[PDB]
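See structure below.
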Amino acid sequence: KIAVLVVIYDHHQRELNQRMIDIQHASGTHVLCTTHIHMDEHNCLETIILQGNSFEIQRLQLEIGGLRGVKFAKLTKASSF
Amino acid sequence: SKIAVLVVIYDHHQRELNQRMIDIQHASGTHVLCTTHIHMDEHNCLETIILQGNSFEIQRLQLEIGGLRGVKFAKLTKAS
Amino acid sequence: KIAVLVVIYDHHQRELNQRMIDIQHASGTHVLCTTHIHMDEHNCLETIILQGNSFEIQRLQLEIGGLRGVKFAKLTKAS
Amino acid sequence: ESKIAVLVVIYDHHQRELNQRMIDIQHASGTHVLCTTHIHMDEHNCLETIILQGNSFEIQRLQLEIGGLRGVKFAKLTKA
Ligand code: NI
Ligand code: NI
Ligand code: NI
Ligand code: NI
């Protein structure tokens, strides 16, 4: 079910956005959309909203967080009434 | 003055709700940098609210929003 | 097919965001997501991304642009 | 002075170099990108809405540069 992955990454790191986008189109999760803002000169905050099973999400998190330049990849997950 | 995301799911039919949050956030003295809304279905929205301020005002905004009639879910993510 | 509605609205106007949300859930179009930023003290910029047929989109535009406080609602459409 | 605009792009993310090139064009641009939202339409198509801010010439120009790129399928500018 539905979740948000909050990522903070470098900015100065190159081909990182390209590699993140690559991962998401690849992922078995359905990534509804991602928003990015500029945190400061050196840092970027990106909020990914996705749907899927708990393995596919957990995997997509380890994948992104594993990229070099991704400083931080926390995950919020919600299930139901 | 740190940054955090606030993930909320709520029923948009609880009238008063949406505007009340807008009011709580203006009051807050945390600035909402930007926000992304997803209309999940007839009765459920997901907002991700990227915001910035002192860590007490952020702690508080969650405290306030989470308890509102019509808010089903509200988790805060600190950038630290 | 896919499109984006860029809306600039008041901010000081009340129950406007609540009325916008209401419309979209309502719309026959499928609204994928909407992002808002603060433009200044008095103005808000909201970018709605939606999928649907050209009548449903054209309707959703007129509906939103009609609301009081919506200063401006341009539309981008792609085949 | 310094106006605001949204730039809607559709592009193929498999054209490697493309994404990074746009990041570069925008840094150079001397328009500051306030924020941006990306939707993965399918295997080969992304839609970015890029909210940005700067002098109307630099904006004009960013469209002009981005629109022409190998891999960009669509690029329309909306002035505020
Ligand atoms: Ni506000
Ligand atoms: Ni909604
Ligand atoms: Ni940048
Ligand atoms: Ni994409």
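Chains as they are written, first to last, in PDB author numbering: chain B, 64 to 144; chain C, 63 to 142; chain D, 64 to 142; chain A, 62 to 141. Ideal Cβ placement from N, Cα and C applies to all residues, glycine included.
Burial state of residue i (16 or more Cβ within 10 Å)
| i | result |
| --- | --- |
| residue 115(A) | buried |
| residue 125(C) | exposed |
| residue 88(C) | exposed |
| residue 104(D) | exposed |
| residue 109(C) | buried |
| residue 117(A) | exposed |
| residue 90(D) | buried |
Close-in-space but distant-in-sequence residues of the same chain around residue i (CB under 6 Å, 5 per side omitted)
| i | result |
| --- | --- |
| residue 140(B) | 66 |
| residue 74(A) | 107 |
| residue 112(C) | 67, 95 and 96 |
| residue 129(B) | none |
| residue 64(D) | 142 |
| residue 120(D) | 66 and 92 |
Own chain residues within Cβ distance below 7 Å of residue i, not counting five before or after
| i | result |
| --- | --- |
| residue 137(D) | 69 |
| residue 144(B) | none |
Closest residue to residue i among the options (Cα-Cα distance)
| i | options | result |
| --- | --- | --- |
| residue 132(A) | 64(A), 62(A) and 76(A) | 76(A) |
| residue 93(C) | 128(C), 123(C) and 72(C) | 123(C) |
| residue 71(B) | 134(B), 142(B), 143(B) and 144(B) | 134(B) |
| residue 101(D) | 102(C), 79(C), 104(C) and 84(C) | 84(C) |
| residue 80(C) | 119(C), 99(C) and 120(C) | 99(C) |
Contact set for residue i: own chain, Cβ-Cβ below 8 Å, skip 5 residues either direction
| i | result |
| --- | --- |
| residue 82(A) | 130 |
### Query
In chain order, what residues have a CB nearer than 6 Å to some heavy atom of ligand 4?
Those residues whose C-beta sits under 6 Å from the nearest heavy atom of ligand 4 are, from N- to C-terminal order along the chain, 84(B), 88(B), 74(A), 99(A), 101(A) and 107(A).
### Task
Note down, in chain order, all residues in the stretch 82-95 of chain B with a beta-carbon under 9 Å from any beta-carbon belonging to chain D.
Per Cβ criterion, the list reads 95.
### Message
Taking beta-carbon pairs under 8 Å, can you tell me which members of the stretch 106-124 of chain C lie near chain B?
### Response
Within the stretch 106-124 of chain C, the residues whose Cβ lies closer than 8 Å to some Cβ of chain B are 108, 110 and 112, listed in chain order.
### Query
What residues in the stretch 69-82 of chain D bring their beta carbon closer than 8 Å to a beta carbon of chain A?
Residues passing the 8 Å Cβ filter: 69 and 71.
### Query
Along the stretch 124-135 of chain C, what residues have a CB closer than 8 Å to any CB found in chain B?
Of all residues in the stretch 124-135 of chain C, 134 and 135 have a Cβ within less than 8 Å of some Cβ in chain B.
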